[PDB]
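Heavy-atom basis, side chains included; hydrogens, waters and symmetry copies ignored. In what follows, chains carry the letters A, B, and so on, assigned in the order in which the sequence lines appear, proteins first and then strands, with residues in each chain numbered from 1.
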Amino acid sequence: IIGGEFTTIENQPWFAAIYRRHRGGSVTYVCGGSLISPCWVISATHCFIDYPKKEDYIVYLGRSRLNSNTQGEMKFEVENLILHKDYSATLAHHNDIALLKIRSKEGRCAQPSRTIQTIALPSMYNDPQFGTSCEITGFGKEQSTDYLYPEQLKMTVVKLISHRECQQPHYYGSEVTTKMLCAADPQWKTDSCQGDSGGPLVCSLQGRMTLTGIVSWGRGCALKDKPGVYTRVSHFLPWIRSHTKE
Amino acid sequence: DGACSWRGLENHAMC
């Protein structure tokens, strides 16, 4: 997250921290995700496309810190890693959405608590109007040039951009589709960045907190005329519905 | 900043 503020898991209790175990024992951070039901985390396919093997991954819930344990956290193996069949990328990542079925060594899913809660999915094709302020959360870079990820969870606020504005050549041209959502800061001073992918774009939609988007792609970070691009969740409900029975 | 430092290329072999 470029700019914004530091936070804890209590302020985004559905946030999932996804790690990969390497051949050798070392564990590295991959991407964020969102708990949508006790056994299901939703993320981005591009986070996993190169290493699609479920056994490599570890998922934490209730975790506020990157490389240290948070009191009350839960650790999970990935029982099933489901990637979107129609994924493709150019610069734009198409159909950038994945599902991770979570199971503890004890064979349990997520137990709701003060630091672990689910996020509601949106109603189909129901998104807030452009200019609406939404929040994004992640352990991603604080500066484009940074080598390290922050140790503490971060969040910021970006504003939804119309398909028409994001369509412009001096923005993203043809790269952005109707299945994607652009969001940015008016001054381009705050944004999601590398490491934030798979994480939640949350909007207040007719009274409730809603998983409107999933961090997907962008050209650099907090760059003028280059918004963050998010998978438009309300366009993938049938896909989410069928696959969450797998 | 090259593509390997952008959102979209996390956990990629070429990176």
Q: Walk me through it: do A/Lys141 and B/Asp1 pass the test salt bridge (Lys or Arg N to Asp or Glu O under 4.0 Å)?
A: CA-CA 13 Å; A/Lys141 288 185 183 170; B/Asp1 274 275; over 6 Å; no
Q) Is it the backbone or the side chain of A/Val30 that comes under 4.5 Å from a heavy atom of chain B, or both, or neither? A) both
(Q) Assess the residue pair B/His12 and A/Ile49 against the criterion (side-chain contact (heavy atoms from CB on, under 4.5 Å)); give the C-alpha distance rounded to whole Å, side-chain angles, the decisive distance to 0.1 Å, and a yes or no. (A) CA-CA 8 Å; B/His12 275 242; A/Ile49 192 69; 3.9 Å; yes
Q: Tell me, for A/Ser192 versus chain B, whether the close heavy atoms (under 4.5 Å) come from the side chain, the backbone, both or neither.
A: both
Q: Starting at CG of A/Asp191, measure out to CZ of B/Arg7 and round the result to the nearest 0.5 Å.
A: 4.0 Å
Q | Donor-acceptor contact below 3.5 Å, side chain B/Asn11 vs main chain A/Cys47 | A | yes
Q.
Which atoms of A/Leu223 are under 4.5 Å from chain B, going by heavy atoms: the side chain, the backbone, both sets, or neither?
A. neither
Q: Can you see which heavy atom on B/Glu10 is nearest to which on A/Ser197, and at what distance?
A: OE2-OG, 2.9 Å
Q | Proximity breakdown for A/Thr28 and chain B, heavy-atom pairs closer than 4.5 Å | A | neither
Q) Do A/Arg219 side-chain atoms and B/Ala3 backbone N/O form a donor-acceptor pair below 3.5 Å? A) no
**Q.** Nearest non-hydrogen partners of A/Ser144 and B/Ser5, listed with the distance
**A.** O-CB, 4.5 Å
Q. More than 12 foreign heavy atoms under 6.0 Å from CZ of A/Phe130: is that the case here?
A. no
